[PDB]
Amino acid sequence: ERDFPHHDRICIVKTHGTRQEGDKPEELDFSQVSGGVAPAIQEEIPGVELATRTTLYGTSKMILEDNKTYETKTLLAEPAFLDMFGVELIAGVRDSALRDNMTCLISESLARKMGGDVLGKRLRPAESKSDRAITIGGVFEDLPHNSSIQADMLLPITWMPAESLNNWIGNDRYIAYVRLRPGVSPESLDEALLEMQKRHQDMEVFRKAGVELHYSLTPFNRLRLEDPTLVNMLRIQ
């Protein structure tokens, strides 16, 4: 399995801090962030080559062309996801990818399960009573296995409400990936991150809840092994 491009230089944004009505003080440790953070980092923080955001929808059922039903794991992503993770399309137009809200990308395995030749076909949620549908605009090479980044289907992040995308308080449902330029240590950026946080985040809301937190970059280790049961393991020997 491939390494991601420049993998030695990819970090994720973590959040650390403390909270506090009868209950003892809590140390806060998050691996996900509010929507607003990733774009701001790319714009504002020196030494950042690229930043991008994802949010996992999860697994749900999709019906293809009004017939067969497929369980699909859906991830919401930016066009930059393709660059950040070196994702190549087997079919469809790369420039187009993940720009139109009514279109999706499907993994090579999923396309195969669907019977192949899926480009241009239409998908909708299994329980939908509408003829509105999502069009398959591309097919992407399966993402590396035994990795934290997992998706059967990719949809544009713009599906999310503008309020979420621009949020700095709570709703920490996004993973923010940051690629640094060579020679930049993640730790060096703590102060700038703070400056950025102060610019965008109303701090009042936190003090009211007795919360202090801050962001820091940590190197990204993708490894997440598939649950190693005999049943799982046997299937791939």
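Residue positions are given as counts along the sequence shown, with the first one as 1.
**Q** Please classify the coordinate gap between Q20 and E21 in terms of deposited residues: none, 1 to 3, 4 to 9, or 10 or more.
**A** The entry has a short gap there, with 1 to 3 residues left out between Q20 and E21.
**Q** Per the entry, where is the mean C-alpha temperature factor higher: 8-16 or 215-223?
**A** Looking at the record's C-alpha B-factors, the answer is 215-223.
**Q** Between 169-177 and 183-191, which has the larger average Cα B-factor in the PDB entry?
**A** That would be 183-191.
**Q** Tell me, please, which of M160, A151, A133, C104 has the highest C-alpha B factor according to the deposited entry?
**A** Result of the comparison over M160, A151, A133, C104: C104.
**Q** Going by the CA temperature factor in the PDB record, which third of the chain does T59 belong to: lowest, middle or highest?
**A** Lowest third.
**Q** So where's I236 on the chain's Cα temperature factor ranking, which third?
**A** For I236, the deposited C-alpha B-factor lands in the highest third.
**Q** Taking only the Cα B-factors deposited for this chain, tell me whether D95 sits in the lowest, middle or highest third.
**A** For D95, whose C-alpha B-factor we compare with every modelled residue in the chain, the answer is the middle third.
**Q** Can you tell me whether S128 has a C-alpha B-factor in the lowest, middle or highest third compared with the other modelled residues of the same chain?
**A** Middle third by C-alpha B-factor.
**Q** Can you tell me which third, lowest, middle or highest, the CA B-factor of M84 falls into for its chain?
**A** Middle third.
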